[PDB]
Amino acid sequence: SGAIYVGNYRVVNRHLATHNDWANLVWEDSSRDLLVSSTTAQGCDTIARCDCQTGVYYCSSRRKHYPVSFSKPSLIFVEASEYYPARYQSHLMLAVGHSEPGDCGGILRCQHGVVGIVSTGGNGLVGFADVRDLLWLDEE
Ligand SMILES: C[C@H](C(=O)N1CCC[C@H](C(N)=O)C1)c1cn(C)nc1C(F)(F)F
Ligand SMILES: [Zn+2]
C-alpha cells in the first residue's frame, strides 16, 4: 500500500483505490494502473520533472529503501494477477529488485522529487507506474 500526496491530490494504484477515492475521483486510467482523488488537506510530496533513470524506491516487504537503475516509461506485457488479466501496461518502468503483493504504492524518487509508485513485480523485477508526464498534478 501507499500513495503520493501532492497539492490537493492523492495518487494511488487504481487496483487499491478505496470507495472514498472513487467518490472523490479526479482521474483514473486502467492501462497505467493509476487513480487520483481529491483531498481536504495539502500534501508535502513534490513531483520530479526530468528524465532520470536512477533513483531509490521503498519496499514495504523489507522495510528498506533500495537504490535502482530503471528503464524509460514504456508499454510492457504484465502477467495475469487477481486485479488484471495478462495485458499490456503503459507508462511502466522496470528495475531489478524485490517486490511482493503488498509492495504496490511504495514511492520511487530521484534528486528532483517523486518519479512514480510500485505497480508490478515478480522474478526479482519491480515495475513502477511513472507520474512525471502528469503536469496537472502541480496546479489547480
Ligand atoms: C503479482 C503482482 C503484480 O505484479 N501485480 C498484482 C497487482 C496488479 C499489478 C498490475 N499493475 O497489473 C500486477 C506482484 C508479484 N510480485 C512478486 N510483486 C508483485 C507486486 F509488487 F505486488 F505488484
Ligand atoms: Zn530526476
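The first residue of the sequence shown is numbered 1, and numbering continues consecutively from there.
- Sequence neighbours left out, the pairs with a member in residues 118-134 that pass salt bridge (charged side-chain N to carboxylate O under 4.0 Å, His left out) are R32-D133, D130-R132.
- Side-chain contact between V78 and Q89: present, with at least one pair of heavy atoms (C-beta onward) separated by less than 4.5 Å.
- Listed by first and then second residue, the ring-ring contact (aromatic ring centres under 6.0 Å, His included) pairs that reach into residues 114-140 are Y9-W136, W27-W136, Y57-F128, sequence neighbours excluded.
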Requested in this report: Apply side-chain contact (heavy atoms from CB on, under 4.5 Å) to the pair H91 and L34, showing each step before the final yes or no.
Outcome: CA-CA 10 Å; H91 300 269; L34 287 179; over 6 Å; no
What pairs of donor and acceptor atoms, side-chain ones from residues 63-75 against any protein atom, are under 3.5 angstrom apart with sequence neighbours left out?
| unit_1 | atom_1 | unit_2 | atom_2 | d |
| --- | --- | --- | --- | --- |
| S71 | OG | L94 | N | 2.9 |
| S74 | OG | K72 | O | 2.6 |

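- Put simply, the side chain of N8 never gets that close to the backbone of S38: no donor and acceptor are under 3.5 Å apart.
- Partners of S31 by side-chain hydrogen bond (donor to acceptor under 3.5 Å, both in side chains), not counting sequence neighbours, listed by chain and number: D29, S90.
- One hydrophobic cluster, built from ILVMFWY side chains closer than 4.5 Å, holds both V126 and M93.
- The hydrophobic cluster analysis finds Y58 isolated: no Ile, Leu, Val, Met, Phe, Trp or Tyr side chain comes under 4.5 Å of it, directly or through other members.
- Crowding of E82 atom CD: a count of heavy atoms from other residues, nucleotides or ligands under 6.0 Å not exceeding 12.
- Hydrophobic cluster membership differs between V131 and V12, with clusters built from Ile, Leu, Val, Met, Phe, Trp and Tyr side chains linked at under 4.5 angstrom.
- Remark: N20 engages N24 in a side-chain hydrogen bond (donor to acceptor under 3.5 Å, both in side chains) (not counting sequence neighbours).
- No continuous path of hydrophobic side-chain contacts links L137 to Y5 [ILVMFWY only; heavy atoms under 4.5 Å].
- The stretch residues 99-116 participates, sequence neighbours left out, in these side chain to side chain donor-acceptor pair (under 3.5 Å) pairs: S60-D103, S61-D103, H98-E100.
- For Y84, the side-chain hydrogen bond (donor to acceptor under 3.5 Å, both in side chains) test picks out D33, with sequence neighbours left out.
- Applying the side-chain contact (heavy atoms from CB on, under 4.5 Å) criterion to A86, with sequence neighbours excluded, gives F77, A80.
- Hydrophobic clustering of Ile, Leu, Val, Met, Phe, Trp and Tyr side chains at less than 4.5 Å, counting indirect connections, keeps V115 apart from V6.
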**Report entry** Trace of the side-chain contact (heavy atoms from CB on, under 4.5 Å) decision for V56 with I107
**Finding:** CA-CA 8 Å; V56 172; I107 282 176; over 6 Å; no
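- Transitive grouping of hydrophobic side chains (ILVMFWY, heavy atoms separated by less than 4.5 Å) keeps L134 and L35 in distinct clusters.
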Report task. Take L92 and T120 through the side-chain contact (heavy atoms from CB on, under 4.5 Å) test and state the conclusion after the steps. Result -> CA-CA 9 Å; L92 189 62; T120 74; 4.1 Å; yes
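- A salt bridge (charged side-chain N to carboxylate O under 4.0 Å, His left out) check over residues 12-28, counting only residues at least two apart or in different chains, returns the pairs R10-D21, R14-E28.
- Legend: residues meeting side-chain hydrogen bond (donor to acceptor under 3.5 Å, both in side chains) with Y88, ordered by chain and number and at least two apart, are absent.
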**Report entry** Stepwise side-chain contact (heavy atoms from CB on, under 4.5 Å) check, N13 with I117
**Finding:** CA-CA 8 Å; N13 292 90; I117 50 175; 3.8 Å; yes
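- Among pairs with a residue in residues 41-56, those fulfilling side chain to side chain donor-acceptor pair (under 3.5 Å) read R49-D138, at least two apart in sequence or across chains.
- The two residues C104 and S119 come nearest to each other via the heavy atoms SG-O, 3.4 Å.
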